[PDB]
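Structure, as structure tokens:
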Ligand SMILES: *[C@@H]1O[C@H](CO)[C@@H](O)[C@H](O)[C@H]1NC(C)=O
Ligand SMILES: *[C@@H]1O[C@H](CO)[C@@H](O)[C@H](O)[C@H]1NC(C)=O
Ligand SMILES: *[C@@H]1O[C@H](CO)[C@@H](O)[C@H](O)[C@H]1NC(C)=O
Ligand SMILES: *[C@@H]1O[C@H](CO)[C@@H](O)[C@H](O)[C@H]1NC(C)=O
Ligand SMILES: *[C@@H]1O[C@H](CO)[C@@H](O)[C@H](O)[C@H]1NC(C)=O
Ligand SMILES: *[C@@H]1O[C@H](CO)[C@@H](O)[C@H](O)[C@H]1NC(C)=O
Ligand SMILES: *[C@@H]1O[C@H](CO)[C@@H](O)[C@H](O)[C@H]1NC(C)=O
Ligand SMILES: *[C@@H]1O[C@H](CO)[C@@H](O)[C@H](O)[C@H]1NC(C)=O
Ligand SMILES: *[C@@H]1O[C@H](CO)[C@@H](O)[C@H](O)[C@H]1NC(C)=O
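Protein chains in written order, with UniProt numbering: chain A, 21 to 334; chain B, 21 to 334; chain C, 21 to 334; chain D, 346 to 508; chain E, 346 to 508; chain F, 346 to 508.
Shown next as structure tokens:
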């Protein structure tokens, strides 16, 4: 009586420690290549920012009016999103983005800044709503008559909650020094900030820069995080975009950047700009910058794991 | 005659390439979990900074008066430590901390700055000793009468040793512009620094910031490292905290941050905030930020290595 | 009839999973230690910068006059290289270096800045050619008579090509405020830059700093990258080192820093400061900072791979 | 898969099996214990390698607004290093697991053959190519007694000893 | 640990051993060479895996005064990547070493059995479950001669050949 | 390399071989199939381990003009971590490959011996130390017939059976 093993006509070549191209009976794939060209968001609270920028949700341009107090498990950034309506830029913008991606949403709260002796309803043609408007969460602080002067003012706000608050103020860089004297008066202007961990200086710099939204001046946005039972102070005297409401982190979430469609039919925890990687394999060769609970990215496009024996045909 | 192997009633389950939960005869642990809740400092020169901050040892607040010229193999930072007595902040503070942790101690040396035509004994109510004092290694440069003016002064110091020197100066940000004119006189003030590798500008910014130690003004500390046979120059004219002595690194050491007690009975080379990891295992699941000669941190809490054969009972 | 294996008198000890020091028949090395003390540049376009600095090729000091429009596959930086002839420093210098190392060379193009009402032929004793010269790609903008005043000027340049352009301007920090008023006139000076992605402020700071090349003043170099069909704007009024020509990246290359000789006889893709690592082994114990297509650096100096059987002699 | 010169492509019933030719016809029936053992081992390998790490990684770069060039080159440098590490680990992992899988199948085959050999003390003798030459004519029911490990090791002894 | 259906819990004398039952009573005595070999191999594994790397790592973060958020997220990102790498390496390391340890013990057992078999040319025959049926009554001193590898391979031949 | 007490230093002809002493003199001739198999396997190991990764890494530090101390300590920290990872991977890689190489050579030796044994059904008997005691005088041409796997398994049977 004889005894032997089985074989097949068409095997599957794999690689071993000894040889490279051993024909075995059966094999499987370990490096995922298939991609779902959608954002699988089944069972998750998804907020597609769209034309609204992630940082704008703190300042509140028109395009972010519907994102001032959002709550999400999965936050999506779009390429058409913009953080500003009036031309400007954030300082340490990427750090604040990485803070807001895992925030789980934001919760605004009025800071209660009352002003006596100045005007507080500045606007511009860029930030447009019914007419000429401004940031929803900010107040453009100006002087009382056209020209005049700005009194040395000092405000303060104490965080009366258990979570750190997000404080964002602005510095207006005018188109020219004469226009800065037109809005806030002549003389040097200083917008002093203060807290237990932060505080700084922040002098404006009026100068005719370029054109982006169609204007020339700018507004630089700065931010800090107030600890519980800590106080912030603003000793300013001109060129100040005062904050009206502070932000508080809701919980935990994840932020991604993509350009594909949202799909609540499929479920996935690994995302990239091209879609969702739904796989149980330990490796993937799709995108090295994938975020979430992803298989480890490798350079090889295929690595066949042997599931059968050595294939020796007649 | 028969022949076989041994077995036990109660085995030890491990994991293999094939199965998960194979009962073997004997096994050992590879992931360390036991922790000594003390700083094992046997045989090492240990300097517990306590209420003194690591950077303060260069400037010399009261709480660091006993740490101006220390020498250690193991430096310990405490949470109650403070780098300043007068309110202020260091620029690139963490870099200087990482420099001083492995310095092996510091060695001060007088720089020899003589002043003709100004006053040089400023103090404050915060930095308190017998009465109103100041930083031990610094000299608050002021004007000669109350108000008056500050002459454009220029000092210089050459490193006459084989190791790079640590130069630290200060910039006083007054509570108001009128008080800055009271201490240093009216007009613009510029504290120019200079060397072969460094040099800069450093204009002060007087402004009523918040309250920390009880005051409003500030003093920002800046530093550079002079190469051997290199010269530093200070062309200043007001708001200057001049350095009195420079620092030199002694050798090599290690710096840690912890809140547990010092113990000269046990010996260890791996430290964390909770204590000392004394182990010969290749892995540990205690603290991912452990410093020293530590086992590699892993996420698994237990990984049993098989030391016996397959346990097959009757 | 008997049957057995072979052996040798002098074996080779290796390490296994079980023992450490197993004498096997034959073994080979896996950790490369041999080094070629030359820069193997066979078949590559090599540009040895020498006394010219990598950043200088954009500004154009005398020592870089022969490197204004180079093209290379392998760029070599030398320790004697200098980026400046007039004393100064680059802002974000290492980023620009890492950009220029893989640029494959640079291609200059005239920006076409015409000036009406000022002088544009500044020079200095440091940047020397036939007499007192200046940077080749820059124009020191001054006033028309000795002293006088500088008119508020505004220039602009649009990138009319498919690749991003490299724009570099300068800010002159005078030896004193009186000399700055001598070159550009009294009053505040502001050198505003502008683009779709960049734009900034850049106020000069006149102050008598140290001596390096023999002078006291400085010139800080700043840079941006213009996207295709994007425009840059310069609203300046004094202390301006205007750019004459912009730079465009040619393709792809690699930049190294070494102090050994160039050799077009040997070929290598792994370089370090001491020479070229020519090896097929997967590991090397020469330099952990080696660049190119290198074997992975390890700490072990030798790891013997067994190529023979167990050596059991009589 | 050693001296067994080739495999039985017609054995679509399992991995290992018996094929006998005595006097009552032909026989080809697969074995269940060895095949099931190898299948459970490979299945354990797959169930162990297929794994979803609960470690979540957040965004560190930015695709729409590129971060600073220096910190960006540091991030890219680190990500490329980690990518090299995981590519190496994947290569060596797959290669080693394939080697141990092939050697595992060969080992199970050798265990089957050694068991069937030890079941036949002196009733049959070896030939050369994984077969057992019988010296007493073993009918189909006796072959089935060999398959299910019930063939007696003495009740056919002296009949085949003198042959 | 293959066809040996179970282990001897009473054998607290070593890993492997002999248990005979002839006519002068019972016997159970452990073997020293194979047991000592396996013990030295496992001991070598432990002495190699237990290792204190002389590489010292300094502080890169700060627990009392948090560094900048961007560079801090870069540091945390790198540390998490390295943590994943070392967790993978530890998992695969322990699993592989356990596999090779079990297969090593089984291999040493097979070497013991094969040696005792080759020591008995034709004086005894195989049965099925790791035993050796003797055809000449071997007393206790003869069993001891089998244990210490001194049993003659011909001085008891034709006595057990005719049986 | 197990019970074979030592190796033949004079066998400079190959890895494995035969050395016989019958009645027509002495014999020592190497075997080609097993030796060539082991040589091809080790050669495959070397061809797989020797590899030039096409991954190019650029400069991230600066040797002539040191970068900022903080980002420099981050870069040094990451490079040291990666260096530890690759040192570990190299150590474990070399150790594992050496283990599998030695066990591979021993396995090929055991395959050679088992093949030569199975080629001799009952014409020769085992002794103890990897030799085959012949009971019929096999001349040099018969030894050559054993080497090239052409020795008949029955045409010398009953001549050596009665011995
Ligand atoms: C071969 O392996 C694949 C792995 O996905 C599996 O789905 C399939 O059922 C296997 N087939 C056989 C015949 O083993
Ligand atoms: C914050 O201040 C309130 C004011 O009374 C106090 O009740 C609370 O305990 C404080 N919390 C902390 C964490 O200090
Ligand atoms: C089992 O392993 C542990 C490992 O720490 C060892 O201390 C112990 O002596 C071992 N015991 C036996 C019976 O092998
Ligand atoms: C530093 O300067 C002194 C002054 O004479 C000289 O003796 C010494 O050699 C110099 N050292 C170096 C390293 O340049
Ligand atoms: C031993 O290995 C080395 C590896 O470089 C090889 O060059 C040499 O030919 C080998 N010699 C023998 C006898 O195997
Ligand atoms: C750039 O502008 C020119 C001007 O007509 C146009 O032809 C070209 O298509 C533009 N390219 C891009 C990429 O916008
Ligand atoms: C990092 O790599 C990506 C491509 O993977 C590239 O688009 C990006 O520009 C790189 N970052 C930097 C700072 O060069
Ligand atoms: C890094 O992780 C630690 C916890 O392991 C956390 O406390 C810290 O805030 C993190 N750093 C940043 C910058 O988020
Ligand atoms: C990094 O390490 C090198 C030596 O490998 C050292 O010269 C350099 O100073 C280190 N960098 C920093 C920032 O300490």
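By construction, the Cβ of each residue, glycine as well, lies at the ideal position given by its N, Cα and C atoms.
Euclidean distance between Cα positions of residue i and residue j
{"i": "residue 411/D", "j": "residue 86/A", "result": "27 Å"}
{"i": "residue 256/C", "j": "residue 194/C", "result": "16 Å"}
{"i": "residue 50/B", "j": "residue 301/B", "result": "5 Å"}
{"i": "residue 318/B", "j": "residue 333/B", "result": "34 Å"}
{"i": "residue 353/F", "j": "residue 25/C", "result": "6 Å"}
{"i": "residue 261/A", "j": "residue 188/A", "result": "9 Å"}
{"i": "residue 504/D", "j": "residue 361/F", "result": "41 Å"}
{"i": "residue 221/A", "j": "residue 113/B", "result": "19 Å"}
{"i": "residue 155/A", "j": "residue 236/A", "result": "18 Å"}
{"i": "residue 42/C", "j": "residue 439/D", "result": "27 Å"}
{"i": "residue 205/A", "j": "residue 145/A", "result": "22 Å"}
{"i": "residue 308/A", "j": "residue 173/A", "result": "51 Å"}
Residue burial classification, residue i (beta-carbon count within 10 angstroms, cutoff 16)
{"i": "residue 136/C", "result": "exposed"}
{"i": "residue 99/A", "result": "exposed"}
{"i": "residue 379/F", "result": "buried"}
{"i": "residue 517/E", "result": "Examination of residue 517/E is not possible in this model, given that chain E is present from 346 through 508 alone."}
{"i": "residue 107/B", "result": "buried"}
{"i": "residue 477/D", "result": "buried"}
{"i": "residue 506/F", "result": "exposed"}
{"i": "residue 73/A", "result": "buried"}
{"i": "residue 96/C", "result": "buried"}
Coarse secondary structure for residue i, derived from DSSP in three states
{"i": "residue 455/E", "result": "helix"}
{"i": "residue 434/F", "result": "helix"}
{"i": "residue 441/D", "result": "helix"}
{"i": "residue 449/D", "result": "helix"}
{"i": "residue 88/A", "result": "coil"}
{"i": "residue 37/A", "result": "coil"}
{"i": "residue 471/F", "result": "strand"}
{"i": "residue 360/D", "result": "coil"}
{"i": "residue 419/D", "result": "helix"}
DSSP bridge partner residues for residue i (one or two, in chain order)
{"i": "residue 377/D", "result": "Answer is none; residue 377/D lacks a bridge partner."}
{"i": "residue 148/B", "result": "152/B"}
{"i": "residue 286/C", "result": "The partner list for residue 286/C (beta bridge, DSSP) is empty, contrary to what the question assumes."}
{"i": "residue 52/C", "result": "304/C"}
{"i": "residue 8/B", "result": "Because residue 8/B is not part of the residues shown, which for chain B are 21 to 334, the question remains open."}
Tell me which residues of the stretch 23 to 45 of chain B have at least one Cβ-Cβ distance to chain D shorter than 9 Å, keeping chain order. Listed by position along the chain: 35, 36, 37, 38, 39 and 40.
To be precise: take each residue of the stretch 132 to 146 of chain A, compare its Cβ to all Cβ atoms of chain E, and keep it if any distance is under 9 Å. Which residues remain? Residues of the stretch 132 to 146 of chain A that bring their beta carbon within less than 9 Å of a beta carbon in chain E are absent altogether.
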